[PDB]
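This document contains two forms of one protein chain, each encoded as structure tokens and listed individually as structure 1 and structure 2.
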Structure 1
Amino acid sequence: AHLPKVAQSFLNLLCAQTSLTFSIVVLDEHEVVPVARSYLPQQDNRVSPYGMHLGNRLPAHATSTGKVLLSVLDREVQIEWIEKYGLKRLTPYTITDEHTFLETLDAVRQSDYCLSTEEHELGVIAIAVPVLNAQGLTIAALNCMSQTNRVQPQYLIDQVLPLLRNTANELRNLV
């Protein structure tokens, strides 16, 4: 896929609303790649953690995005994926057990969102949702990253998640 241009407007929309950082993320093998991000120069600075700036590749098993994108696959394909690349711990909170990681991916499947709190880098939080195409294929993930000292976990649940779901929903018809 190569359609990050029409999405740039929705992301700035979500940021001007909430002062946070939104992105579209693509799964490549075992790392996930940001392909668009919300940028408003009048209020956002250009210094950002690992992966909040566009370009950087992060491991799938520690990001809210990456866990969302693995939940779609079948269980045996997930298993064959955890076998290949493994789960290297990065913070005191990374999911490194296998039975635990499968039961998360099944819960992110059923529930359609993933909140990951400090599971890749200390002081960073994110909520992600799947972004589908017309055919219903999961094609990317849309996520909201911030620092745990500025945003509380239920604001992400109570407020961001509704907006996230509306925005994913209106992309579906355009991609």
Structure 2
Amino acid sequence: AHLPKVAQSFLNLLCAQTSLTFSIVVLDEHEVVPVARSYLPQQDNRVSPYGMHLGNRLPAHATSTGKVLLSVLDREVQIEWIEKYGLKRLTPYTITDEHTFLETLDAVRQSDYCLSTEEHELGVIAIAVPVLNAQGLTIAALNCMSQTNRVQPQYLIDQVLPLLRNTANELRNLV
């Protein structure tokens, strides 16, 4: 796996500057799976939410990374994905309606980020951007997850998102 090796330093730099934990994530049928995580042993916050350790699996329809990665699929393939896997309720805030979900995928595709608040676990908020290769294929998603009582969405939008775009742009030529 070449993707984990290139990105490790970049994830560490994001953590060094924000103190949050960041991961790089791939889509595996209907779940998202981290293949790399930031790790700064001198300040490692072990109170981070579930889903960024290696081997963690989270539902794609209820995560920022999952929506980013589904948003690049053809609309028909999206329909087929929803009909196969469904949109099961995880929290009161999970998107469970097909029309709203497709609307969300379209906006995520157009906006190039997704901010998701408590849709797979209460108290957890996340923002994610796609990782493109040099050709423009979406190969992964780069994200940031935290507890809602530790980070405002304004901070994720105003401070974290610009740094994720900068990293993604540099990864583009290396992956």
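Rigid core (definition): largest C-alpha set, two forms, superposition within 1.5 Å. Here, residue number means position along structure 1's sequence, counting from 1.
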Correct structure when looking for the form deposited with 3-hydroxybenzoic acid (3HB) bound: 1
Check the Cα of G136 between structure 1 and structure 2 on a core superposition and give its shift in Å. 0.5
Having superposed the rigid core, state how many Å the Cα of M52 shifts between structure 1 and structure 2. 2.7
Core superposition result - C-alpha of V6, shift between structure 1 and structure 2, Å: 1.6
